$ cat upload00.cif   # mmCIF, C-alpha atoms and all ligand atoms
data_entry
#
loop_
_atom_site.group_PDB
_atom_site.id
_atom_site.type_symbol
_atom_site.label_atom_id
_atom_site.label_comp_id
_atom_site.auth_asym_id
_atom_site.auth_seq_id
_atom_site.Cartn_x
_atom_site.Cartn_y
_atom_site.Cartn_z
ATOM 1 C CA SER A 5 -115.913 137.682 66.987
ATOM 2 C CA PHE A 6 -117.716 134.661 68.716
ATOM 3 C CA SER A 7 -115.258 132.359 70.608
ATOM 4 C CA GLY A 8 -115.492 128.916 72.213
ATOM 5 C CA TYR A 9 -118.414 127.720 70.102
ATOM 6 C CA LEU A 10 -118.856 124.143 69.008
ATOM 7 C CA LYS A 11 -119.788 123.992 65.278
ATOM 8 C CA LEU A 12 -122.946 121.833 64.842
ATOM 9 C CA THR A 13 -123.589 122.448 61.136
ATOM 10 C CA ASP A 14 -122.431 124.772 58.301
ATOM 11 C CA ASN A 15 -124.224 127.708 60.043
ATOM 12 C CA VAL A 16 -125.268 126.647 63.562
ATOM 13 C CA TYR A 17 -122.845 127.007 66.503
ATOM 14 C CA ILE A 18 -123.432 126.315 70.223
ATOM 15 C CA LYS A 19 -121.777 127.336 73.500
ATOM 16 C CA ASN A 20 -122.497 126.812 77.203
ATOM 17 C CA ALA A 21 -122.802 130.483 78.106
ATOM 18 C CA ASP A 22 -124.942 133.098 79.784
ATOM 19 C CA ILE A 23 -126.431 134.979 76.796
ATOM 20 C CA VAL A 24 -126.228 138.268 78.786
ATOM 21 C CA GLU A 25 -122.489 137.773 79.473
ATOM 22 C CA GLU A 26 -122.022 136.618 75.898
ATOM 23 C CA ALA A 27 -123.804 139.716 74.498
ATOM 24 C CA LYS A 28 -121.814 142.119 76.740
ATOM 25 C CA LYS A 29 -118.568 140.460 75.574
ATOM 26 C CA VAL A 30 -119.277 140.190 71.861
ATOM 27 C CA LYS A 31 -121.692 143.134 71.447
ATOM 28 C CA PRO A 32 -123.097 141.300 68.380
ATOM 29 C CA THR A 33 -125.094 142.999 65.626
ATOM 30 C CA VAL A 34 -128.164 141.036 66.794
ATOM 31 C CA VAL A 35 -129.024 139.416 70.077
ATOM 32 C CA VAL A 36 -132.265 137.378 70.012
ATOM 33 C CA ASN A 37 -134.646 137.729 72.912
ATOM 34 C CA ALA A 38 -137.030 134.914 73.862
ATOM 35 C CA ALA A 39 -139.955 137.312 73.869
ATOM 36 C CA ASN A 40 -143.693 136.992 74.526
ATOM 37 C CA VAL A 41 -146.367 138.759 72.364
ATOM 38 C CA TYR A 42 -146.650 141.613 74.884
ATOM 39 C CA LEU A 43 -142.849 142.178 75.139
ATOM 40 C CA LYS A 44 -143.234 141.801 78.938
ATOM 41 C CA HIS A 45 -139.625 140.803 79.819
ATOM 42 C CA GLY A 46 -140.395 139.321 83.229
ATOM 43 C CA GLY A 47 -138.270 136.207 83.444
ATOM 44 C CA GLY A 48 -136.121 133.685 81.626
ATOM 45 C CA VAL A 49 -133.882 135.078 78.864
ATOM 46 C CA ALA A 50 -136.189 138.156 78.492
ATOM 47 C CA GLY A 51 -136.051 139.094 82.145
ATOM 48 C CA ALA A 52 -132.273 138.614 82.179
ATOM 49 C CA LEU A 53 -131.663 140.676 78.977
ATOM 50 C CA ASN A 54 -134.021 143.407 80.216
ATOM 51 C CA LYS A 55 -132.317 143.537 83.646
ATOM 52 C CA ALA A 56 -128.906 143.917 81.889
ATOM 53 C CA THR A 57 -130.274 147.004 80.072
ATOM 54 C CA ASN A 58 -131.376 148.581 83.436
ATOM 55 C CA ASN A 59 -135.017 148.210 82.188
ATOM 56 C CA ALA A 60 -134.383 150.315 79.045
ATOM 57 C CA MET A 61 -135.476 147.309 76.947
ATOM 58 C CA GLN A 62 -138.848 147.203 78.797
ATOM 59 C CA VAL A 63 -139.396 150.991 78.467
ATOM 60 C CA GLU A 64 -138.678 150.781 74.730
ATOM 61 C CA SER A 65 -140.868 147.650 74.423
ATOM 62 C CA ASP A 66 -143.848 149.254 76.182
ATOM 63 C CA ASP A 67 -143.707 152.204 73.752
ATOM 64 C CA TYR A 68 -143.485 149.695 70.845
ATOM 65 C CA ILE A 69 -146.584 147.780 72.114
ATOM 66 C CA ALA A 70 -148.520 151.016 72.768
ATOM 67 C CA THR A 71 -147.977 151.996 69.107
ATOM 68 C CA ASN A 72 -148.164 148.602 67.360
ATOM 69 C CA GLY A 73 -150.064 146.187 69.565
ATOM 70 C CA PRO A 74 -148.872 142.706 70.430
ATOM 71 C CA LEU A 75 -146.678 140.546 68.253
ATOM 72 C CA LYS A 76 -147.979 137.259 66.831
ATOM 73 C CA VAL A 77 -146.727 133.943 68.282
ATOM 74 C CA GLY A 78 -144.033 132.960 65.737
ATOM 75 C CA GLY A 79 -143.428 136.629 64.931
ATOM 76 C CA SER A 80 -140.751 139.133 65.758
ATOM 77 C CA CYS A 81 -139.732 142.735 65.902
ATOM 78 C CA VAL A 82 -136.356 144.493 65.746
ATOM 79 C CA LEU A 83 -135.699 146.924 68.562
ATOM 80 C CA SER A 84 -132.492 148.435 70.069
ATOM 81 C CA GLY A 85 -129.898 146.112 71.513
ATOM 82 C CA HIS A 86 -129.098 148.795 74.143
ATOM 83 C CA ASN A 87 -125.745 148.019 75.908
ATOM 84 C CA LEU A 88 -125.851 144.361 74.683
ATOM 85 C CA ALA A 89 -125.992 144.425 70.886
ATOM 86 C CA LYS A 90 -126.669 146.822 67.975
ATOM 87 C CA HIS A 91 -130.217 145.345 67.769
ATOM 88 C CA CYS A 92 -132.406 143.005 69.694
ATOM 89 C CA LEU A 93 -134.544 140.690 67.591
ATOM 90 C CA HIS A 94 -137.513 139.911 69.885
ATOM 91 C CA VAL A 95 -138.793 136.551 68.677
ATOM 92 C CA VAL A 96 -141.951 134.915 70.048
ATOM 93 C CA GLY A 97 -141.684 131.163 70.152
ATOM 94 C CA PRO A 98 -144.777 129.174 71.217
ATOM 95 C CA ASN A 99 -145.112 128.830 74.962
ATOM 96 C CA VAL A 100 -146.353 125.246 75.471
ATOM 97 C CA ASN A 101 -147.064 126.109 79.189
ATOM 98 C CA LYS A 102 -149.788 128.509 77.742
ATOM 99 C CA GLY A 103 -151.098 125.799 75.282
ATOM 100 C CA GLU A 104 -149.505 127.416 72.194
ATOM 101 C CA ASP A 105 -148.969 125.355 69.013
ATOM 102 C CA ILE A 106 -145.386 123.842 69.026
ATOM 103 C CA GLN A 107 -145.677 123.835 65.166
ATOM 104 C CA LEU A 108 -145.131 127.672 65.409
ATOM 105 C CA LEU A 109 -141.506 127.084 66.484
ATOM 106 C CA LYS A 110 -140.433 126.775 62.816
ATOM 107 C CA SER A 111 -142.169 130.110 62.033
ATOM 108 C CA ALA A 112 -140.397 131.662 65.010
ATOM 109 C CA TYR A 113 -136.953 130.466 63.795
ATOM 110 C CA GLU A 114 -137.680 131.755 60.261
ATOM 111 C CA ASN A 115 -137.309 135.262 61.709
ATOM 112 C CA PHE A 116 -133.571 134.519 62.195
ATOM 113 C CA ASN A 117 -133.148 134.253 58.383
ATOM 114 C CA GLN A 118 -133.558 138.026 58.056
ATOM 115 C CA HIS A 119 -130.187 138.545 59.871
ATOM 116 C CA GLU A 120 -126.800 137.367 58.551
ATOM 117 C CA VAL A 121 -125.468 136.597 62.043
ATOM 118 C CA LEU A 122 -127.176 136.305 65.434
ATOM 119 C CA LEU A 123 -126.456 135.510 69.067
ATOM 120 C CA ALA A 124 -129.539 133.550 70.260
ATOM 121 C CA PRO A 125 -131.085 131.314 72.854
ATOM 122 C CA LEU A 126 -133.005 128.133 71.908
ATOM 123 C CA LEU A 127 -136.543 129.316 71.145
ATOM 124 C CA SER A 128 -139.403 127.999 73.271
ATOM 125 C CA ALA A 129 -136.868 126.295 75.614
ATOM 126 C CA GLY A 130 -136.627 127.071 79.377
ATOM 127 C CA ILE A 131 -139.713 128.653 80.878
ATOM 128 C CA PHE A 132 -141.480 128.415 77.450
ATOM 129 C CA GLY A 133 -141.835 124.645 78.108
ATOM 130 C CA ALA A 134 -140.699 123.043 74.847
ATOM 131 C CA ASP A 135 -138.087 120.279 74.619
ATOM 132 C CA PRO A 136 -134.738 122.011 73.953
ATOM 133 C CA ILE A 137 -133.526 119.015 71.854
ATOM 134 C CA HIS A 138 -136.537 119.587 69.545
ATOM 135 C CA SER A 139 -135.834 123.372 69.508
ATOM 136 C CA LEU A 140 -132.220 122.772 68.415
ATOM 137 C CA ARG A 141 -133.434 120.382 65.666
ATOM 138 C CA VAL A 142 -135.940 122.986 64.367
ATOM 139 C CA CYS A 143 -133.193 125.651 64.580
ATOM 140 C CA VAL A 144 -130.675 123.691 62.457
ATOM 141 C CA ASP A 145 -133.443 122.652 59.960
ATOM 142 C CA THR A 146 -134.876 126.204 59.632
ATOM 143 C CA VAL A 147 -132.143 128.803 60.143
ATOM 144 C CA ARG A 148 -129.832 129.282 57.145
ATOM 145 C CA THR A 149 -127.989 132.349 58.493
ATOM 146 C CA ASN A 150 -125.129 132.163 61.073
ATOM 147 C CA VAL A 151 -126.668 131.444 64.480
ATOM 148 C CA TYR A 152 -124.552 131.304 67.666
ATOM 149 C CA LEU A 153 -126.597 129.592 70.321
ATOM 150 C CA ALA A 154 -125.966 130.297 73.985
ATOM 151 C CA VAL A 155 -127.234 127.517 76.308
ATOM 152 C CA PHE A 156 -127.142 128.646 79.961
ATOM 153 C CA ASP A 157 -127.406 125.208 81.617
ATOM 154 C CA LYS A 158 -124.125 123.058 81.347
ATOM 155 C CA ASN A 159 -126.023 119.781 81.810
ATOM 156 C CA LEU A 160 -128.544 120.767 79.074
ATOM 157 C CA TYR A 161 -125.655 121.959 76.831
ATOM 158 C CA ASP A 162 -123.951 118.543 77.200
ATOM 159 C CA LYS A 163 -127.217 116.698 76.524
ATOM 160 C CA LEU A 164 -127.817 118.857 73.398
ATOM 161 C CA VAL A 165 -124.297 118.250 72.007
ATOM 162 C CA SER A 166 -124.090 114.533 72.894
ATOM 163 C CA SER A 167 -127.530 113.833 71.361
ATOM 164 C CA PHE A 168 -127.143 116.023 68.226
ATOM 165 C CA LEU A 169 -127.664 114.079 65.049
HETATM 166 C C1 LIG B 201 -128.630 135.393 83.256
HETATM 167 O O1 LIG B 201 -129.852 134.663 83.092
HETATM 168 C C2 LIG B 201 -129.968 133.824 82.015
HETATM 169 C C3 LIG B 201 -131.179 133.164 81.870
HETATM 170 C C4 LIG B 201 -131.410 132.364 80.770
HETATM 171 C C5 LIG B 201 -130.391 132.202 79.843
HETATM 172 S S1 LIG B 201 -130.346 131.185 78.434
HETATM 173 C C6 LIG B 201 -128.666 131.662 78.192
HETATM 174 N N1 LIG B 201 -127.942 131.086 77.253
HETATM 175 N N2 LIG B 201 -128.194 132.519 79.053
HETATM 176 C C7 LIG B 201 -129.154 132.837 80.005
HETATM 177 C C8 LIG B 201 -128.944 133.667 81.097
#

$ encode --input "upload00.cif" --output "structure tokens" --more "lines below"
Ligand SMILES: COc1ccc2sc(N)nc2c1
Amino acid sequence: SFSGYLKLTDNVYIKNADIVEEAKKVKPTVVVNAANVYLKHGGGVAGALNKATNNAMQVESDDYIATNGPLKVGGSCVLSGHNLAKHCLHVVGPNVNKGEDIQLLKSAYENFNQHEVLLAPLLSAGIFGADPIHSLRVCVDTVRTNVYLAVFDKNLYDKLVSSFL
């Protein structure tokens, strides 16, 4: 199963890891993508997960958007996990660099509660512009299922662990 994680709470675990390398190693039931409403996996976690699937995630996502239209900010959809996981849960956290309501981060994390165990990044962190310390706090206060958080940046990982209440 998941190895090398630091236990933060009863159900939240954290590791300094590349979520792509982590997914290829574990091949979890669910890997969470830090998606946008259009499922355009250009950069950040989305660009990295999509590149690991040789663009199969983007091809599948474009067909999903053509049929269903865009997701809502705070919403999600379950698609294939390709070579990384059984499924990919594409979750849209608010992008504060696009003026989206940070209050939607709790709604975004509520999507994780539909899955018993997930490999995930911190929602709205990185290129989404939110404070990762706040994202971790919303994660532990919202997610009740088993969430294994992969934090790419060692210095951010240390700051998250050392400041965790
Ligand atoms: C390989 O690129 C990336 C980019 C962002 C993230 S967040 C995370 N935990 N792992 C990654 C890996």

$ axis_aligned_box --input "upload00.cif" --around "range 68-71 of chain A" --padding-each-side "3 Å" --output "AutoDock Vina command-line options"
--center_x -146.0 --center_y 149.9 --center_z 70.9 --size_x 11.0 --size_y 10.2 --size_z 9.7

$ residues_near_point --input "upload00.cif" --point "(-123.1, 126.2, 57.5)" --cutoff "12 Å" --atoms "only C-alpha atoms" --output "compact mmCIF listing (two decimals) with C-alpha atoms, in the coordinates of the input"
# COMPACT_ATOMS: atom_id res chain seq x y z
CA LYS A 11 -119.79 123.99 65.28
CA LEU A 12 -122.95 121.83 64.84
CA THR A 13 -123.59 122.45 61.14
CA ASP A 14 -122.43 124.77 58.30
CA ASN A 15 -124.22 127.71 60.04
CA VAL A 16 -125.27 126.65 63.56
CA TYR A 17 -122.84 127.01 66.50
CA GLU A 120 -126.80 137.37 58.55
CA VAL A 121 -125.47 136.60 62.04
CA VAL A 144 -130.68 123.69 62.46
CA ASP A 145 -133.44 122.65 59.96
CA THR A 146 -134.88 126.20 59.63
CA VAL A 147 -132.14 128.80 60.14
CA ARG A 148 -129.83 129.28 57.14
CA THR A 149 -127.99 132.35 58.49
CA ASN A 150 -125.13 132.16 61.07
CA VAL A 151 -126.67 131.44 64.48
CA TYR A 152 -124.55 131.30 67.67

$ closest_residue --input "upload00.cif" --among "A:136, A:98, A:73, A:47" --to "ligand LIG 201 (chain B)" --atoms "only C-alpha atoms and all ligand atoms"
A:47

$ residues_around --input "upload00.cif" --residues "residue 154 in chain A" --least-positions-apart "3" --cutoff "7 Å" --atoms "all atoms listed in the file" --output "list in words"
residues 18, 19, 20, 21, 22, 23, 124 and 125 of chain A

$ residues_near_ligand --input "upload00.cif" --ligand "ligand LIG 201 (chain B)" --cutoff "12 Å" --atoms "only C-alpha atoms and all ligand atoms" --output "PyMOL selection string"
chain A and resi 18-28+35-38+45-56+123-132+136+152-158+160-161

$ atom_distance --input "upload00.cif" --atom1 "CA of residue 119 in chain A" --atom2 "CA of residue 141 in chain A"
19.3 Å

$ atom_distance --input "upload00.cif" --atom1 "CA of residue 87 in chain A" --atom2 "CA of residue 64 in chain A"
13.3 Å

$ residues_around --input "upload00.cif" --residues "residue 33 in chain A" --least-positions-apart "2" --cutoff "8 Å" --atoms "all atoms listed in the file" --output "PDB file with C-alpha atoms, keeping the file's coordinate frame"
ATOM      1  CA  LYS A  31    -121.692 143.134  71.447  1.00  0.00           C
ATOM      2  CA  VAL A  35    -129.024 139.416  70.077  1.00  0.00           C
ATOM      3  CA  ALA A  89    -125.992 144.425  70.886  1.00  0.00           C
ATOM      4  CA  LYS A  90    -126.669 146.822  67.975  1.00  0.00           C
ATOM      5  CA  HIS A  91    -130.217 145.345  67.769  1.00  0.00           C
ATOM      6  CA  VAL A 121    -125.468 136.597  62.043  1.00  0.00           C
ATOM      7  CA  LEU A 122    -127.176 136.305  65.434  1.00  0.00           C
TER       8      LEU A 122
END

$ atom_distance --input "upload00.cif" --atom1 "CA of residue 133 in chain A" --atom2 "CA of residue 77 in chain A"
14.4 Å

$ residues_around --input "upload00.cif" --residues "residue 65 in chain A" --least-positions-apart "5" --cutoff "12 Å" --atoms "all atoms listed in the file" --output "MDAnalysis selection string"
chainID A and resid 37 39:45 50 54 59:60 70:75 81:86 92:94

$ residues_around --input "upload00.cif" --residues "residue 168 in chain A" --least-positions-apart "3" --cutoff "8 Å" --atoms "all atoms listed in the file" --output "PyMOL selection string"
chain A and resi 12+137+164-165

$ closest_residue --input "upload00.cif" --among "A:139, A:101, A:80, A:166" --to "residue 118 in chain A" --atoms "all atoms listed in the file"
A:80

$ closest_residue --input "upload00.cif" --among "A:57, A:62, A:135, A:68" --to "residue 99 in chain A" --atoms "only C-alpha atoms"
A:135

$ resolve_selection --input "upload00.cif" --expression "the PyMOL selection byres (((chain A and resi 79) around 6) and not hetatm)" --output "ChimeraX atom specification"
/A:76-78,80,95-96,112
